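S.K.: sequence plus experimental coordinates follow:
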Amino acid sequence: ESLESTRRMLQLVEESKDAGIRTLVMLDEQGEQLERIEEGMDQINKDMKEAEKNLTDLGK
Amino acid sequence: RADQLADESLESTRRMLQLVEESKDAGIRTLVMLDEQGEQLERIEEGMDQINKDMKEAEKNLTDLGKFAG
Amino acid sequence: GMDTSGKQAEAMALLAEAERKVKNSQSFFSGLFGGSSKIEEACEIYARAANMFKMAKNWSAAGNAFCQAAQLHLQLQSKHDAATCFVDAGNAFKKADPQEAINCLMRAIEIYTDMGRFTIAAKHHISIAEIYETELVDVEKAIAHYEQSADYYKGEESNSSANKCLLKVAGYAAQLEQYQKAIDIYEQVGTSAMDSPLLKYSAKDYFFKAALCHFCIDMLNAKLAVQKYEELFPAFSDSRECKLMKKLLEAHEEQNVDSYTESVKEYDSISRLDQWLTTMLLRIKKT
Amino acid sequence: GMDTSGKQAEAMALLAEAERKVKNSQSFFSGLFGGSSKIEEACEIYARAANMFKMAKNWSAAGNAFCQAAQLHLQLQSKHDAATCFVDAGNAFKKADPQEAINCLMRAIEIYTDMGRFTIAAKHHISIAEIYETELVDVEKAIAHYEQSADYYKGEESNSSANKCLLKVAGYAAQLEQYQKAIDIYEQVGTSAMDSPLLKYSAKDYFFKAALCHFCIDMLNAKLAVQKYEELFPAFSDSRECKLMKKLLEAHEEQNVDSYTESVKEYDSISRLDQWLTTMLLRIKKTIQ
Amino acid sequence: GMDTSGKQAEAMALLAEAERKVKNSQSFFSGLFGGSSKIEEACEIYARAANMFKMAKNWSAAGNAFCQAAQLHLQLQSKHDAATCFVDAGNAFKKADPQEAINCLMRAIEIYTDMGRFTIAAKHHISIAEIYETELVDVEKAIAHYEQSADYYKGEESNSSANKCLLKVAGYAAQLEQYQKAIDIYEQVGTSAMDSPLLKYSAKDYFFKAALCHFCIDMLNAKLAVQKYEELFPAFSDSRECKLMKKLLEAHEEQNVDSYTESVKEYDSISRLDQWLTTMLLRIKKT
Amino acid sequence: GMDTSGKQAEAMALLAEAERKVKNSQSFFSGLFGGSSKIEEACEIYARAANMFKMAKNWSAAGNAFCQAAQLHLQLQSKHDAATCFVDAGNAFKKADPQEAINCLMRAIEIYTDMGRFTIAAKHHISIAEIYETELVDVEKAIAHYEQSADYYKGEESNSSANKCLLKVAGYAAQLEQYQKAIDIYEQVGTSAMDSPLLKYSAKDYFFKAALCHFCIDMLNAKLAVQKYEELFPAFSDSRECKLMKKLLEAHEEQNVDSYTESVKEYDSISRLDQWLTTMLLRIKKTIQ
Amino acid sequence: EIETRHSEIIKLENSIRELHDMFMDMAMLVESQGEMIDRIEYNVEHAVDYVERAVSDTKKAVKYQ
């Protein structure tokens, strides 16, 4: 009974490992993406601040 | 020979129990963590789409007003 | 529901007073020449009639409305809006009839590549490749689309997306029995993944698949290739994959079907196999 | 609370100012012209007052102020701020009295679907559903709301949310509704998951639920369903659940309560049963005869 | 080094030109009435001066400059910029001297809540609370700020955000020999933890703590609480924790101090405890 | 390919067009004085030429055009756009010429930090260090860049990024530089994680590294620091690393290289190496006498 | 001894199964987050392009004045 129990243990452990590796790959992709989105956000923020302030100053 | 059997078996139980507890706290902690960024990124969803709608409508109305003036 | 079918009827009527707007373009804009905003609101009613169709689950009508709105709106102005409308039409056509979705998506691809936005263009390329795969049977066009999208991704250092695209391409080429490209791609991706501590655990599978692909062509050089893999990565032989490959190749030296048959059955006894590996082994081990 | 006492005092002051501002509105619609700006300032002060009410713990007052400001704002040929204020009123009414929150949310939904944003409409639909089932004792409207949410999600290609919504609605219907729909949705979701590498290691549970649903009606059709499932899905055969169902059906064929009871007890010993699976097992047992 | 020295040199220079700016700008406003552009220019001079002060590694003066810019700007009848300047000054004052950072953060929270935005206000409240906790010992202010933040979060339906603050408040209240608040918060979070598809596994732990704290009062009440929880959570007995509580109860029943301590030591050996649990266990053992 | 040759042909045509456009703009400023629209449109032509040129797959002239356009744009008192173009030109040159890419990236870093953005400056510093070390063989400048990035991160309480940068700096220093800085950084980072939310069981390894560094210095410092950590961190008492270190210490005490060799072999058999511990262990073994 | 080993094997079985469930939930939540971050990327890029061309057109119109 212990023998088949350990067979089950092996199968479950290797399966969890195999799936987790892809979990990590996915999380790495998420992290990779976030910096690009952050850069775009900061760029638009700067552009909007400068553009709107210049237009308001020109209005005077 | 039963001496080394008992030694390795105690070592096995200790390591397995300890290692299982470490895996368990790790996982539970991380799972509890995930929800927070879940709803945070939800709320950026909403804030961003509000920004988009407002700026689009503002710009179109302003182009129409500029055409009216000209 | 049904009353929303009646309101899709009056939404064909909405497209009909958009037809009256193009009748204005025909005769009445002579006195309403400044009514470019009139054309804009005609396009808006076009788009909203298309949206009512979409909600009404009339995919062909919604796609027709989207395409017409895009064509009317792309008056050499507001190009990005036309591209959005074209991609919306392509998404609507995805279900039912997807063929013209391909042409509209290609037009959007051209517009974006004209603008330079390569992530959007490459994801659209992946979209057309996958719709080809799942709907049509052509694979070569999918391969070309994947190559193009991977090139665009690698242009901006987006390495992981290009790596997965090339992995899929190498798999398909192996299915298409062009093993040089497959081995090149698999070796490249494995030697890249081993570089960083985040992916070093994956290298084993890539190396195993590349070893199988190389073994397919030349038995004799397979031993040299596996030795090169081992010496390059000291932690490869320990993996069950290297031991199994060594068992198979050494058994092939002697004409004993059993040896490798029970080897593979034992390996499958610990885990199930996929169609790709099983088919590849069945094809190769026949001789 | 002194904080809350002064908070309510300033809230009453702002209410008096808002009453004076609606007086301004009625004097500028019938007495003056261009009051649109004046009633816009009235809306601004109304929103300030409503937010301060929300801070003041007076949820009903905050929601009423939000509803009044929104309905006044609708008259100014503007729709999006109307939607925002309707959603805010619904959120305020979520607690305390949620019934009118349902109505106001429905108004926001019809506005949105008139505009064209569907994912927002769908998320609001699921919110309406969840509030209805958690606070309102009624489930058919729950089924309908989940159906509409799943339709909206799957129409926009957002597969995952539609899948989970369909799973939940089908599972709930199985408890109190004819199991044919349970079978259909469970089989559909299981089949969809088989190909995908995500749920292909969990669709066994969906197949098990479908098998139990088949059994609760009849045995022969349950046998046919399970054999077809394992034929289509070979890796289901080795599943402990397959052995479980085999022993249960063999015992039921013989009409031996003791064997079935001890077998389910042994299965419970490992892992754990659930309120739903326990109810299903008891229901099928009760008609053993 | 040299970079910082030069930065501070032109920093003193820029502050000289900034004081000249403000003085001659008020003079020009009095004598010519040029409007308010000069005041805005002085504000931007203050902003860049504070920025380059921070570059120069002088946080106190940078925060002072930020506060001056904020007050001059709000004097110019504008809020969001003044709020940004105040929060920047608070961040600069966080290190070195943080006391005035408290006041400026209070002002920022006040203006924010006056406007009507909540989440940033609660974030600032928790920041002030952690400042008090880390740098001071007046835990009462930390409790008040955590409670206010939790109230905000729960009011805005952010149940998860409120839960962390409530747990911290319960922990600190239990630390200061008050158990009723701890008992209430712990049982409330445990009961809200029943139906969570995810947090259910941990739903046990909170309850455990409650029993321990509930055992600080008497013996019978602890038994009643633990049996009530076990009835409410049928699987609670499954964990070793119920076994441990029953062992503690029986050992303390017959003044079995030794077996109590050996059971605690074995529990520590299998898995180590923290300062909080060890302190509570020792306090219980005192009687 | 036709696409390439056409892309380069029209790029040369557009570059000539932009050159004549800028010369005619210099002429027209005095001739007609139209303002600055001419220069702006010339910069737009330059940007379009440069982007389709990098799209033609040719890089160096693309980055050169980006640099020229950014220079002419900054000539008109526009900074952020010119700095973004500088960053893009540096990225393009990354694969063409390291020196010009480094120059443009440093320009972008200085101008950004002048603006007031640190995180972008730190990111650019890290990218500069990565490109500098990956292909060019040198560390000290990379160490300085990593230290600056960590400093900027800590300036905005970005604990994780600064922690990683400091850990990498300490590792590189221990590899080549002296050990005191490695000791300090490793010990500080390790002890700054005693109460980590997820990493409660992490600092151990760091301490071991510190121990090794201490052991690399002298036996007495090794043992004294080992004890200090033994009292400071109780869990390290029961770490496998503690027993391995103690065994190595007692073996090296008696000058029996065979015991050390068998101990390290046994450790390697249980656990795989890291290629960084092996070098330090070899260096330790080199001084057994 | 052997009875303790039976207790250990039972506990290990339980822990492994519940670990499996947790991991599956992790994967589901993560893939959902990935999808919806992707949609946000799309929308943000579109907003960037639209607003850039917006400012360009507005400044050109001001120049015309």
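M.R.: Cool, got the structure. Residues are numbered from 1 along each chain as shown, chains lettered A, B, ... in the order given.

S.K.: in which helix or strand does residue 7 reside?
M.R.: You didn't pick a chain, so chain A it is. Using DSSP states H and E, residue A:7 sits in helix A:2-59.

S.K.: hm, I was asking about chain C
M.R.: helix C:2-26.

S.K.: next SSE downstream of that helix?
M.R.: Helix C:2-26 is succeeded, C-terminally, by helix C:36-55 (DSSP H and E).

S.K.: wondering if that next one reaches chain G at all.
M.R.: No: on the criterion CB under 8 Å from any CB of the partner chain, helix C:36-55 is out of touch with chain G, staying 14.2 Å away. C-beta coordinates here come from the backbone N, C-alpha and C atoms, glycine included.

S.K.: quick one on the thing from earlier: and chain B, is the helix holding residue A:7 touching that?
M.R.: No: against chain B, helix A:2-59 shows no contacts by CB under 8 Å from any CB, the least distance being 8.6 Å.

S.K.: show me what that helix is packed against.
M.R.: Applying 3 or more CB pairs under 8 Å, 6 or more residues apart in numbering or on different chains; DSSP states H and E, one finds that helix A:2-59 contacts helix C:159-175, helix C:257-270, helix F:80-93, helix F:119-135, helix G:2-64.

S.K.: what's the local residue count around residue 60?
M.R.: As the question left the chain open, I've gone with chain A. Using other CB atoms under 10 Å in any protein chain shown, residue A:60 has 7 other residues around it.

S.K.: correction: the question concerned chain G.
M.R.: 11.

S.K.: now do residue C:154
M.R.: As a burial measure, residue C:154 scores 16 neighbours (other CB under 10 Å).

S.K.: please name the nearest non-neighbouring residue to the residue in chain A positioned nearest to chain B.
M.R.: Using CB to the nearest CB, the single residue of chain A nearest to chain B is residue A:48, 8.6 Å away. Spatially, and ignoring its direct neighbours in sequence, residue A:48 is nearest to residue G:51 (6.8 Å; CB to CB, 6 or more residues apart in numbering or on different chains).

S.K.: picking that back up, can you give me how far the helix holding residue A:7 is from the chain middle?
M.R.: Centre-to-centre, helix A:2-59 and its host chain are 0 Å apart (CA atoms, centre = their mean, to the nearest Å).

S.K.: next up, the contacts around the residue nearest to residue A:48.
M.R.: Contact analysis of residue G:51 by CB atoms under 8 Å, 6 or more residues apart in numbering or on different chains lists A:44, A:47, A:48, B:55.

S.K.: give me that answer again for 10 Å
M.R.: The neighbours of residue G:51, taking CB atoms under 10 Å, 6 or more residues apart in numbering or on different chains as the test, are A:44, A:47, A:48, A:51, B:51, B:52, B:55, B:56, B:59.

S.K.: count the residues that sit near residue 12.
M.R.: If you meant another chain, say so; for now it's chain A. When counting by other CB under 10 Å, one arrives at 15 neighbours for residue A:12.

S.K.: think we crossed wires, I meant chain G
M.R.: Neighbours of residue G:12 using other CB under 10 Å come to 19.

S.K.: quick check, the residue in chain G closest to chain C?
M.R.: Distances between chain G and chain C by CB to the nearest CB are smallest at residue G:49, namely 5.9 Å.

S.K.: doesn't residue C:115 make contact with that residue?
M.R.: Yes: in this structure residue G:49 lies within contact range of residue C:115 using CB atoms under 10 Å: 7.4 Å.

S.K.: shared neighbours of these two, anything?
M.R.: Between them, residue G:49 and residue C:115 share these contacting residues under CB under 10 Å, 6+ apart: C:80, C:83.

S.K.: which residue does the stretch 1-150 of chain C bring closest to chain B?
M.R.: For the stretch 1-150 of chain C, CB to the nearest CB, closest residue to chain B: residue C:37, 6.5 Å.

S.K.: which ones are touching the most centrally placed residue in chain G?
M.R.: When CA atoms, centre = their mean is applied to chain G, the residue found nearest the centroid is residue G:33 (2.5 Å). Residues in contact with residue G:33 (CB under 10 Å, 6+ apart) are A:26, A:27, A:30, B:34, B:37, B:38, B:41.

S.K.: and the gap between it and residue A:16?
M.R.: The gap separating residue G:33 from residue A:16 is 20 Å, by CB to CB, to the nearest Å.

S.K.: does residue G:7 really touch residue B:13, like I thought?
M.R.: Yes: with contact defined as CB under 10 Å, residue G:7 and residue B:13 form a contacting pair (9.2 Å).

S.K.: contact partners for residue 29?
M.R.: Defaulting to chain A. C:158, C:160, C:161, C:164, G:34, G:37.

S.K.: chain G, not that one
M.R.: Shown in contact with residue G:29 (CB under 10 Å, 6+ apart): B:31, B:34, B:35, B:38, E:198.

S.K.: repeat the analysis, applying 7 Å as the threshold.
M.R.: residue B:34 (CB atoms under 7 Å, 6 or more residues apart in numbering or on different chains).

S.K.: residue A:33: how many residues sit nearby?
M.R.: Residue A:33: 18 neighbours (other CB under 10 Å).

S.K.: centroid residue for chain A?
M.R.: Geometric centre of chain A, nearest residue: residue A:30, 1.9 Å, by CA atoms, centre = their mean.

S.K.: re the thing from before, joint contacts of residue G:7 and residue B:13?
M.R.: Counting by CB under 7 Å, 6+ apart, nothing touches both residue G:7 and residue B:13.

S.K.: so the residue in chain A that chain F sits nearest to versus residue F:214, what's the distance?
M.R.: Nearest residue of chain A to chain F (CB to the nearest CB) works out as residue A:46 at 5.2 Å. Look at residue A:46 and residue F:214: by CB to CB, they are 48 Å apart.

S.K.: ok, now residue A:40?
M.R.: Taking CB to CB, one finds residue A:40 at 47 Å from residue F:214.
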